[PDB]
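Please read the structure below before turning to the comments.
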Amino acid sequence: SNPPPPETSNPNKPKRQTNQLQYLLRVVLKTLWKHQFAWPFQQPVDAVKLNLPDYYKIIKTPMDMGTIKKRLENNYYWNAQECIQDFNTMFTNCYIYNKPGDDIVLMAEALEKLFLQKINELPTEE
Ligand SMILES: CCCNS(=O)(=O)c1ccc([C@H]2CC(=O)N(C)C2)cc1
């Protein structure tokens with residue numbers, strides 16, 4: 001079985017709209033979402049379909065871009081750092097589970113470089 005996917009909605013959570021969060025959805029997420037290497041990261045890892053029975057034994061903090069997208073659409077993040085941390089958990093999860101040179105790792109590394117550049121270009125907090 002798969003675990004429940006991470007929380008993406010929480011009506012009682014602290015909520016605000018900021019120019020850096022708008023940028024993270026409009027620029028960072030969407031730039032990564034259209035990438036030719038995005039598809040394995042666009043939804044939670046399905047350990048049943050992929051026959052990875054050990055995945056959720058090793059990965060205890062799952063994360064993916066589908067969850068990030070929904071968290072941004074739902075204003076779930078209070079600041080850019082909370083969003084950035086989820087991206088970094090997605091990347092590191094992939095490097096922990098897999099091995100250097102694996103196709104899935106090469107894909108994550110392409111996305112990570114783009115992400116890093118987009119965070120360098122974060123607009124000034126307004
Ligand atoms: C380029 C490799 C494609 N092979 S695959 O059988 O479709 C496939 C295998 C494994 C995954 C998981 C593993 C992982 O760490 N993820 C973010 C996703 C996803 C897809």
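Just remember, in the structure tokens the first chain shown is A, the second B, etc., residues are 1-based per chain, and ligands are 1-based in the order shown.
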Using only C-alpha atoms and all ligand atoms, what table do you get, as JSON lines, when you list each residue of chain A with an atom no more than 7 Å from ligand 1, its nearest pair of atoms, and their distance in Å rounded to one decimal, rows by chain then rising number?
{"residue": "A:40", "atom": "CA", "partner": "ligand 1", "partner_atom_place_in_ligand_line": "19 (C)", "distance": 4.9}
{"residue": "A:41", "atom": "CA", "partner": "ligand 1", "partner_atom_place_in_ligand_line": "17 (C)", "distance": 5.1}
{"residue": "A:45", "atom": "CA", "partner": "ligand 1", "partner_atom_place_in_ligand_line": "18 (C)", "distance": 5.3}
{"residue": "A:50", "atom": "CA", "partner": "ligand 1", "partner_atom_place_in_ligand_line": "6 (O)", "distance": 5.8}
{"residue": "A:93", "atom": "CA", "partner": "ligand 1", "partner_atom_place_in_ligand_line": "15 (O)", "distance": 6.6}
{"residue": "A:94", "atom": "CA", "partner": "ligand 1", "partner_atom_place_in_ligand_line": "15 (O)", "distance": 4.0}
{"residue": "A:97", "atom": "CA", "partner": "ligand 1", "partner_atom_place_in_ligand_line": "15 (O)", "distance": 5.9}
{"residue": "A:98", "atom": "CA", "partner": "ligand 1", "partner_atom_place_in_ligand_line": "15 (O)", "distance": 6.1}
{"residue": "A:103", "atom": "CA", "partner": "ligand 1", "partner_atom_place_in_ligand_line": "1 (C)", "distance": 4.5}
{"residue": "A:104", "atom": "CA", "partner": "ligand 1", "partner_atom_place_in_ligand_line": "1 (C)", "distance": 4.3}
Neighbouring residues of residue 77 in chain A were defined as those with any atom within 12 Å, considering only C-alpha atoms; residues of the same chain fewer than 3 positions away were excluded. Please report them as a JSON list (two decimals) with N, CA and C atoms, in the first residue's frame.
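This is the output file part_20.json:
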[["chain", "number", "residue", "atom", "x", "y", "z"],
["A", 7, "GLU", "N", -0.43, 16.42, 3.44],
["A", 7, "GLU", "CA", -1.47, 17.43, 3.55],
["A", 7, "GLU", "C", -1.24, 18.56, 2.55],
["A", 8, "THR", "N", -2.31, 18.94, 1.83],
["A", 8, "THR", "CA", -2.26, 20.08, 0.93],
["A", 8, "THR", "C", -3.29, 21.15, 1.23],
["A", 9, "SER", "N", -4.19, 20.92, 2.20],
["A", 9, "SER", "CA", -5.22, 21.87, 2.60],
["A", 9, "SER", "C", -5.39, 21.81, 4.11],
["A", 10, "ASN", "N", -5.61, 22.97, 4.71],
["A", 10, "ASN", "CA", -5.69, 23.08, 6.16],
["A", 10, "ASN", "C", -6.33, 24.43, 6.50],
["A", 13, "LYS", "N", -4.75, 26.78, 9.11],
["A", 13, "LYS", "CA", -3.34, 27.14, 9.00],
["A", 13, "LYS", "C", -3.16, 28.65, 8.76],
["A", 14, "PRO", "N", -2.13, 29.26, 9.34],
["A", 14, "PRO", "CA", -1.77, 30.63, 8.97],
["A", 14, "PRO", "C", -1.69, 30.81, 7.45],
["A", 15, "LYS", "N", -2.32, 31.87, 6.95],
["A", 15, "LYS", "CA", -2.56, 32.06, 5.52],
["A", 15, "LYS", "C", -2.22, 33.49, 5.10],
["A", 16, "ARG", "N", -1.46, 33.63, 4.01],
["A", 16, "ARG", "CA", -1.23, 34.95, 3.43],
["A", 16, "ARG", "C", -0.78, 34.81, 1.98],
["A", 17, "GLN", "N", -0.98, 35.89, 1.22],
["A", 17, "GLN", "CA", -0.54, 35.98, -0.17],
["A", 17, "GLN", "C", 0.59, 36.98, -0.29],
["A", 18, "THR", "N", 1.70, 36.56, -0.90],
["A", 18, "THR", "CA", 2.90, 37.37, -1.01],
["A", 18, "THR", "C", 3.46, 37.27, -2.42],
["A", 20, "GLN", "N", 6.50, 36.70, -3.30],
["A", 20, "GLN", "CA", 7.44, 35.59, -3.46],
["A", 20, "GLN", "C", 6.71, 34.26, -3.63],
["A", 21, "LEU", "N", 5.56, 34.10, -2.97],
["A", 21, "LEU", "CA", 4.80, 32.87, -3.17],
["A", 21, "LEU", "C", 4.15, 32.84, -4.54],
["A", 22, "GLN", "N", 3.64, 33.98, -5.01],
["A", 22, "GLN", "CA", 3.12, 34.04, -6.38],
["A", 22, "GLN", "C", 4.20, 33.69, -7.39],
["A", 24, "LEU", "N", 6.81, 31.77, -6.83],
["A", 24, "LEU", "CA", 7.12, 30.35, -6.72],
["A", 24, "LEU", "C", 6.12, 29.49, -7.48],
["A", 25, "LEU", "N", 4.85, 29.91, -7.52],
["A", 25, "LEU", "CA", 3.89, 29.15, -8.31],
["A", 25, "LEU", "C", 4.02, 29.49, -9.79],
["A", 67, "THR", "N", 2.11, 17.67, -5.02],
["A", 67, "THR", "CA", 1.81, 18.18, -3.69],
["A", 67, "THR", "C", 2.26, 19.64, -3.53],
["A", 68, "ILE", "N", 3.44, 19.99, -4.06],
["A", 68, "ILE", "CA", 3.91, 21.37, -3.96],
["A", 68, "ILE", "C", 2.96, 22.31, -4.71],
["A", 69, "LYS", "N", 2.58, 21.93, -5.93],
["A", 69, "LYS", "CA", 1.66, 22.73, -6.72],
["A", 69, "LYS", "C", 0.37, 22.99, -5.96],
["A", 70, "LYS", "N", -0.21, 21.94, -5.38],
["A", 70, "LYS", "CA", -1.45, 22.10, -4.64],
["A", 70, "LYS", "C", -1.25, 22.94, -3.39],
["A", 71, "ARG", "N", -0.12, 22.76, -2.70],
["A", 71, "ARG", "CA", 0.19, 23.59, -1.54],
["A", 71, "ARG", "C", 0.32, 25.06, -1.93],
["A", 72, "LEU", "N", 0.91, 25.35, -3.09],
["A", 72, "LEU", "CA", 0.99, 26.74, -3.54],
["A", 72, "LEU", "C", -0.38, 27.28, -3.94],
["A", 73, "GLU", "N", -1.14, 26.49, -4.71],
["A", 73, "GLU", "CA", -2.49, 26.88, -5.09],
["A", 73, "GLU", "C", -3.39, 27.11, -3.87],
["A", 74, "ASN", "N", -3.12, 26.44, -2.75],
["A", 74, "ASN", "CA", -3.96, 26.54, -1.57],
["A", 74, "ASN", "C", -3.41, 27.52, -0.53],
["A", 80, "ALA", "N", 8.48, 31.72, 1.46],
["A", 80, "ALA", "CA", 9.23, 31.04, 0.41],
["A", 80, "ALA", "C", 10.06, 29.89, 0.96],
["A", 81, "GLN", "N", 10.58, 30.03, 2.18],
["A", 81, "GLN", "CA", 11.44, 28.99, 2.73],
["A", 81, "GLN", "C", 10.69, 27.68, 2.94],
["A", 82, "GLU", "N", 9.44, 27.74, 3.42],
["A", 82, "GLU", "CA", 8.66, 26.51, 3.56],
["A", 82, "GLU", "C", 8.49, 25.80, 2.21],
["A", 83, "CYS", "N", 8.24, 26.56, 1.14],
["A", 83, "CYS", "CA", 8.11, 25.97, -0.18],
["A", 83, "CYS", "C", 9.43, 25.39, -0.66],
["A", 84, "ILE", "N", 10.50, 26.16, -0.48],
["A", 84, "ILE", "CA", 11.84, 25.73, -0.88],
["A", 84, "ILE", "C", 12.22, 24.44, -0.18],
["A", 85, "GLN", "N", 11.87, 24.32, 1.11],
["A", 85, "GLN", "CA", 12.19, 23.10, 1.85],
["A", 85, "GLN", "C", 11.52, 21.87, 1.24],
["A", 86, "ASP", "N", 10.29, 22.03, 0.73],
["A", 86, "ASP", "CA", 9.60, 20.87, 0.14],
["A", 86, "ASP", "C", 10.27, 20.43, -1.15]]
Exercise. Tell me which protein, DNA and RNA residues are within 10 Å of residue 49 in chain A, counting only C-alpha atoms, leaving out same-chain ones fewer than 3 positions away, and put them as number ranges by chain.
Key: A: 1-2, 45-46, 52-53
Practice problem: Using backbone DSSP assignments, extract all helix (DSSP H, G or I) residues from chain A; output them as number ranges by chain. | Solution: A: 19-33, 39-41, 55-58, 65-73, 80-97, 103-120
How close does range 42-117 of chain A get to range 27-33 of chain A? List, as CSV, each residue of range 42-117 of chain A within 8 Å, its nearest atom pair and the distance in Å to one decimal, counting only C-alpha atoms.
residue,atom,partner,partner_atom,distance
A:42,CA,A:33,CA,7.3
A:65,CA,A:29,CA,7.6
A:68,CA,A:29,CA,7.9
A:69,CA,A:29,CA,6.8
A:111,CA,A:32,CA,6.4
A:114,CA,A:32,CA,7.4
A:115,CA,A:28,CA,6.5
Exercise. Calculate how many Å separate CA of residue 61 in chain A from CA of residue 38 in chain A, rounding to one decimal.
Key: 19.7 Å
Exercise. Work out how far CA of residue 26 in chain A is from CA of residue 43 in chain A, in Å to one decimal.
Key: 18.4 Å
Quiz prompt | Selected residue of minimal separation from residue 48 in chain A among A:75, A:106, A:3, A:123, counting only C-alpha atoms | solution = A:3
